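Chemist: Mind having a look at this structure? Questions to follow.
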């Protein structure tokens, strides 16, 4: 089960008629190339060891395409400005997500193309890779133009063609990952006593903790999953119980790197 | 291998 | 007109023990537009040589960054992450709680 994605951002500046264009490329949610128009001589750079085998021509070509896209974001920010009647000299962001998901056979599961403006959903390609979904009126004018010009056939050819092929090259140049949550519950006298279920050092980031012996609805205390910074992640989920009847609730952790869900307490 | 856009927004 | 308010976690990479070196992370997420100023404080005083991940955004479009610095936790030293963003009328300082 694999994936490739490019995440793109252009950000408009006051006075400087040219925006800052940053472009990151991921394989299996891991960074491997990055472009930042604010570098002195802007170029794609490897972000991982296995990219450094790709030779000079790769970097030349992809850098040229980065520059093409940059120009495209310039034009589209500029137009968006008019679509929404935004004042001159503001700051505005245009973003794009694109790429493809492969099944475990290395076949295409799904192709993805989305655009957002000012951090809001603007327009997106449906999973059929033929039609579009527009968020507001501006975006429908977009939608309308694109479906009249058949741009979807272009993006569909990319997602079914080069995105899969090149992902295959990349995978070959890279056959599986996971780390399991080491876990434990801590005790914290409220005024009553809090029980914090801890999950540490796991990868990937997706995980479910819950308390229980019926599924413990809420008064759930949880944090968004967070990176230890070593490549692993952390998360906890607490519940406030009064004294002594700790030994009545249960923490369970669900992670794909576990032989089986952990069932924890004390 | 980056996508190259077609029609602008 | 449509900003999104940052969200800050301050936490050690390894379990905290007084006297033993560690990494302290400030993890700021959920924010837009991408411009942000981030500072880590030891007893109020800016820590130099803080390292910071490059601009990234998540599948919901919101941006995030991970700040982090070496540190050796003590009984009395307070550590903090102060974050300035146009979503907020003024900097937000989040203090490290070693049990969270």
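Residue numbers (the entry's author numbering), protein chains in the order written: chain A, 26 to 199, 203 to 219, 222 to 242, 245 to 298; chain E, 1 to 9; chain B, 20 to 119.
Backbone N, C-alpha and C define an ideal beta-carbon position, used for all residues, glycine too.
#1: Could you compute how far the alpha carbon of residue 38/A sits from the alpha carbon of residue 99/A?
#2: Cβ closer than 9 Å: which chain E residues qualify as neighbours of residue 275/A?
#3: Using three-state DSSP, classify residue 1/E as helix, strand or coil.
#4: Is the Cβ of residue 151/A closer than 9 Å to any Cβ of chain E?
#5: Which residues share a DSSP beta bridge with residue 97/B?
#6: I'd like to know if the region 44-51 of chain A and the region 94-108 of chain A are in contact, where contact means that at least 3 CB-CB pairs between them fall below 8 Å.
#7: Leaving out five residues on either side along the sequence, give the residues of the same chain with a beta carbon under 7 Å from the beta carbon of residue 147/A.
#8: Using the DSSP secondary-structure output, state which residues sit across from residue 85/B in a beta bridge.
#9: Are any of the Cβ atoms in chain E nearer than 9 Å to that of residue 140/A?
#10: Using a Cβ-Cβ cut-off of less than 9 Å, give me the residues of the region 89-123 of chain A that come near chain B, in sequence order.
#11: According to the Cβ coordinates, are residue 22/B and residue 87/B closer than 9 Å?
#12: Checking contacts by CB at 9 Å: is residue 90/B closer than that to chain A?
#13: Is the Cβ of residue 171/A closer than 9 Å to any Cβ of chain E?
#14: Compute the distance between the beta-carbons of residue 9/E and residue 180/A, then report whether it is under 9 Å.
#15: Return helix, strand or coil for residue 213/A, following the three-state DSSP convention.
#16: List the residues of chain B that residue 262/A touches, going by C-beta distances under 7 Å, in chain order.
#17: Given a threshold of 16 other Cβ atoms within 10 Å of its Cβ, counted over all protein chains shown, does residue 132/A qualify as buried or as exposed?
#18: Quick check on DSSP: helix, strand or coil for residue 53/B?
#19: Which same chain residues, not among the five before or five after residue 257/A, have their C-beta less than 6 Å away from its C-beta?
#20: State the start and end residues of the unbroken alpha helix (DSSP H) segment that holds residue 167/A.
#21: Just to make sure I have the definition right: I need the residues of chain E whose C-beta is within less than 8 Å of the C-beta of residue 268/A. Which are they?
#22: Return the bridge partner residues of residue 104/B from the DSSP annotation.
#23: Quick one: list the residues of chain B neighbouring residue 23/A, beta-carbon separation under 8 Å, in chain order.
#24: Is there at least one non-hydrogen atom of the ligand NAD closer than 8 Å to the beta-carbon of residue 232/A?
#25: Would you please state the rounded distance, in angstroms, between the beta carbons of residue 157/A and residue 168/A? I believe it to be under 8 Å.
#26: Is there a Cβ of chain A sitting closer than 9 Å to that of residue 53/B, yes or no?
#27: Compare the C-beta of residue 106/B with all C-beta atoms of chain A and state if any pair is closer than 9 Å.
#28: Could you tell me how far apart the beta carbons of residue 86/A and residue 70/A are, in whole angstroms, since I believe they sit closer than 8 Å?
Modeler: This is what the structure holds:
#1: Taking the straight line joining both Cα atoms gives about 11 Å.
#2: Ordered by position in chain E, no residue passes the 9 Å Cβ test against residue 275/A, which lies about 59 Å from the chain.
#3: Correct three-state label for residue 1/E: coil.
#4: No, no contact with chain E.
#5: According to DSSP, residue 97/B bridges with nothing at all.
#6: With the cut-off at 8 Å, the region 44-51 of chain A and the region 94-108 of chain A touch.
#7: The residues are 140, 141, 160 and 164.
#8: DSSP lists 46/B as partners of residue 85/B.
#9: Taking 9 Å as the threshold, the shortest C-beta distance from residue 140/A to chain E falls below it.
#10: Answer set for the region 89-123 of chain A: 116, 117, 118, 120 and 122.
#11: Note that the C-beta distance between residue 22/B and residue 87/B is not below 9 Å.
#12: Not an interface residue.
#13: Cβ-Cβ to chain E under 9 Å: yes for residue 171/A.
#14: No, the Cβ-Cβ distance between residue 9/E and residue 180/A is not below 9 Å.
#15: When secondary structure is reduced to three states using DSSP, residue 213/A falls in the strand class.
#16: Within chain B, the residues near residue 262/A are 32.
#17: Note on residue 132/A: under 16 other CB atoms within 10 angstroms of its CB, so exposed under the neighbour-count rule.
#18: In the structure shown, residue 53/B sits in coil (DSSP, three-state: anything other than H, G, I, E or B).
#19: So the list reads 235, 265 and 267, once near-sequence residues are dropped.
#20: Residue 167/A -> alpha helix (DSSP H) spans 162-174.
#21: Here the premise fails: no neighbours, minimum Cβ distance about 38 Å.
#22: Its beta-bridge partners do not exist; DSSP assigns none.
#23: Since the displayed chain A opens at 26 and closes at 298, residue 23/A lies outside it and no answer follows.
#24: Looking at this structure, you won't find the ligand NAD or any other ligand, since it has none at all.
#25: Going by Cβ atoms, the distance from residue 157/A to residue 168/A rounds to 5 Å, so yes, they are a contact pair.
#26: Yes, contact with chain A.
#27: Among the CB atoms of chain A, none fall inside 9 Å of the CB of residue 106/B.
#28: Actually they do not touch by this definition, with Cβ atoms about 14 Å apart.
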